[PDB]
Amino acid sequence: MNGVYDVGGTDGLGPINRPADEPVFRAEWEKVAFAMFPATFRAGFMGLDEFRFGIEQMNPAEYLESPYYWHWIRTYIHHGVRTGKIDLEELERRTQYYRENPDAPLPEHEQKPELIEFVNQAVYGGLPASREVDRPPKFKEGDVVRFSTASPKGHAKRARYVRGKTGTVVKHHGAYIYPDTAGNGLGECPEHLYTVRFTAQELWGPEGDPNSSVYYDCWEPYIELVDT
């Protein structure tokens, strides 16, 4: 989709705010928001590509200025409603309750050890997105290719600043989950993945550094041959 989160090349967002030191979690609610991801993933709220698509559908002004982990809360609620797993009216009633009773306890619950075992396995085992497919890669190192001008409204990894641009294939990585399908509830539909190099002048015109390039990852449908 063409949302404001696609910020590559955007001007006017202001100077970087980089405190000389910062904690991993700035408040207790951030730990909760962070740790909710394995819980909601295991419960079938969403996969990784769908998770990102939920963030992309935020109010753009809220996205630009809200704390990072609030984005995660928005996408949990988005997919909780999508899957019928979160009742909004109940959520709003509970929000008012904890507004008025911030120190009220959380519900009674069992500390199911298998949920912690799940956390440990995911963290140190990973969730690999690589997949085996039937066909060899269509492209190879050194091929000159052009990036698609398609502008889907659903999830994709098609930054506006690379659309229609010509670059050179740097590496073939194998096949991986395809975001244009996975993020839109259409399944993994794995495609071969490449890194493609675009010069700064190709991307930005004459305002481009003559000695800089951007390396961008392209699934196979994103690119078509210009010169072998």
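Start at 1 with the first residue shown and count on from there.
The stretch 83-91 shows the higher mean C-alpha B-factor when 67-75 is compared against 83-91 in the entry. Averaged over CA atoms, B-factors in the entry run higher in 196-204 than in the other of 50-58 and 196-204. Ranking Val145, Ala156, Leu106, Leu115 by Cα temperature factor from the entry places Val145 first. When the modelled residues of the chain are ordered by their C-alpha B factor, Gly183 lands in the lowest third. For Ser151, the recorded CA temperature factor ranks within the middle third of the chain's modelled residues.
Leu127: CA B factor lies in the highest third for its chain, per the PDB record. Annotation for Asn101: CA B-factor lies in the highest third of the chain's modelled residues.
For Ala43, the recorded CA temperature factor ranks within the middle third of the chain's modelled residues.
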